[PDB]
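Here Cβ is always computed from backbone atoms with ideal geometry, including for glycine, and neighbour counts include all displayed protein chains. The numbers here are math on the coordinates, done by the rules we state, and not lab data.
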Amino acid sequence: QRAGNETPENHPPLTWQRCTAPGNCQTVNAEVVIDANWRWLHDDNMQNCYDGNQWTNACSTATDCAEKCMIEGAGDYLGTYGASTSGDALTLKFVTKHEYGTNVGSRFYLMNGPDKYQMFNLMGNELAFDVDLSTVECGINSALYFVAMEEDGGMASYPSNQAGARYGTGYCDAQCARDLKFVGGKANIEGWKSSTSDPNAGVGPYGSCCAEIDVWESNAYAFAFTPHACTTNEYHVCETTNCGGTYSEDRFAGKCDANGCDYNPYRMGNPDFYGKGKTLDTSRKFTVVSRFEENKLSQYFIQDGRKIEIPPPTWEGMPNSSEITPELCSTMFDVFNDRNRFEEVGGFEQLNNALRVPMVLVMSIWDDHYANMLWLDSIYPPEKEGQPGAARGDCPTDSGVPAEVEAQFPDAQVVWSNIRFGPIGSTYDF
Ligand SMILES: OC[C@H]1O[C@@H](O[C@H]2[C@H](O)[C@@H](O)[C@H](O[C@H]3[C@H](O)[C@@H](O)[C@H](O)O[C@@H]3CO)O[C@@H]2CO)[C@H](O)[C@@H](O)[C@@H]1O
Ligand SMILES: OC[C@H]1O[C@@H](O[C@H]2[C@H](O)[C@@H](O)[C@H](O[C@H]3[C@H](O)[C@@H](O)[C@H](O)O[C@@H]3CO)O[C@@H]2CO)[C@H](O)[C@@H](O)[C@@H]1O
């Protein structure tokens, strides 16, 4: 899909820092871009190629939708989407009201120049960030993660898209982004079915698949550290039958891990470790440094200067430790009562061969129509409960309801900042 010129594209700048050794790094004058699903699509004589949850008569097929339509700069990222950067801090607003619309959650990808998002060599180094989710309530996911999208935006891989990373095209994770309106520069209009609760969404035929490492899926009641690996980690397209994820009737259908191997302290048997008032106090802002080693992913916090280690798990027959190692991913499933995709798609070796694939840093805040963040902040699937693995937070299973938590605390915000990247133990000294 080409680009439309009714709106110029202006990426807020977001400073991060490249480290070499402790108490010494190097800043990074970066910028930021919003995922391409939030912009406007039209044709030459102006009018939507996609209005609301449905496509338009203007469009007819995967191909002629890319040679006919185009995407647009985001207008003012602040007033239209709650987007707002301040030096090193990227604020993101959950519920934003404007003249004639209503943006709901968004996605942002660290850049390198207005043409390229910034690629990331994880395996052997670590990533850290300050985060203030203190008003991110039950049902919202204020997210920070890596998903191997392409460098330029997939523009050379699929030149039907001449917008490229320039306009947030190209998003892919490990659930096959079936919701995107374009994947591999083709429009997902053919057979596009509209959402049943999301007035802005729909699920497409093609999804955008690749690997995903979920350093931080959360809000102030619980967090989760979840990598996910694929039979091919790199960007890649699934086709209807060969699509799994939330968006296809067969979750584990395709080449990827949609569940991956999480570590949620609460889920692992420690209730009182993370929240408002807990050891890790989420009422206040903190530091989450996280590491990448073959067969090991470590993640520690810094609150009020102090190092805070996450508690090892509790239940019998689980590893002694908190680290995401293949002993975990193995054992996790001998008692957590869940389908082991992890071993299916390659086990922790395949993830390590995923830890070496070029990645890009997404920061985000969203609510989830298919499960109301049930899987993150409480007991899910809320079909019995009282088993190992179901309780995953301190939220009642009433919450997360899209419309509802959109009305209860619509000032909710995540605040992303003070990013640090480099070899293991460079970003801090704990
Ligand atoms: O001008 C076009 C409209 O874009 C709106 O953005 C919505 C997008 O249409 C939609 O693709 C995006 O989908 C999100 C979804 O909100 C979220 O629940 C899910 O977790 O991720 C999806 C990824 O596609 O929703 C946004 C939210 O609005 C603008 O907000 C709107 O002003 C504008 O009319
Ligand atoms: O943040 C990026 C992506 O998040 C995805 O959320 C998935 C989580 O990564 C995963 O931990 C969770 O696993 C659930 C599984 O859905 C469910 O079948 C089972 O009962 O509980 C598992 C954990 O115990 O899956 C969610 C999706 O439901 C988004 O799916 C993805 O679109 C987004 O980019």
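Cross-linked pairs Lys97/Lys193; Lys278/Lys307; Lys276/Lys296: Cα-Cα separations exceed 18 Å for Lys97/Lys193; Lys276/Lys296. A simple spin-label model places pseudo-atoms 7 Å from Cα toward Cβ; at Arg2 and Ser194 they are separated by 2.9 nm.
Using the rule -39500 (n - 2.57) for each DSSP H run of four or more residues, divided by the residues of the chain, the 222 nm mean residue ellipticity is -1500 deg cm²/dmol. Other residues whose C-beta falls under 14 angstrom from the C-beta of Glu309 contribute a net charge of +3, scoring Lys and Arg +1 and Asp and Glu -1. Extension gain for the segment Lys276 to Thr314, taken as residue separation times 0.36 nm less the Cα-Cα distance, is 11.5 nm to one decimal.
Note that region 218-223 has calculated 3J(HN,Hα) couplings of 6, 4, 6, 10, 7, 10 Hz, one per residue in order, obtained from phi through the Karplus relation 6.51 cos²θ - 1.76 cosθ + 1.60 (θ = phi - 60°); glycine and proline are x.
Amide H contacts for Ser86 (H built 1.01 Å from N in the peptide plane; partners 5 or more residues away or on another chain; cut-off under 5 Å): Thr91. Full extension of the chain between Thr231 and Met119 yields a length gain of 38.2 nm, computed as 0.36 nm times the residue separation minus the alpha carbon distance.
Distance between the pseudo-spin-label points of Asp250 and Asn24 (7 Å out from Cα toward the beta carbon): 5.5 nm. Packing order of peptides 53-60, 127-134, highest average first: 127-134, 53-60 (average count of other Cβ atoms within 10 Å over each peptide's residues).
Under 5 Å from the amide H of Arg178 lie the amide H atoms of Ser208, each residue being 5 or more positions distant or on a separate chain, with H modelled from the backbone and absent for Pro and chain starts. For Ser106, the residues whose amide H sits under 5 Å from its own are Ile365, ignoring neighbours fewer than 5 places away on the same chain, with H placed 1.01 Å from N. As a length-normalised measure over Cα pairs under 8 Å and 6 or more apart, the relative contact order of region 2-430 settles at 23 percent.
Binning the alpha carbon pair distances of the chain at 20 angstrom intervals from zero yields the distribution 27, 62, 11, 0, expressed in whole percent. Take each peptide in 33-46, 223-236, count the other Cβ atoms within 10 Å of every residue, and average; sorted highest first, the result is 223-236, 33-46. Separation of region 232-254 from region 121-149 is 24 Å, based on Cα centroids.
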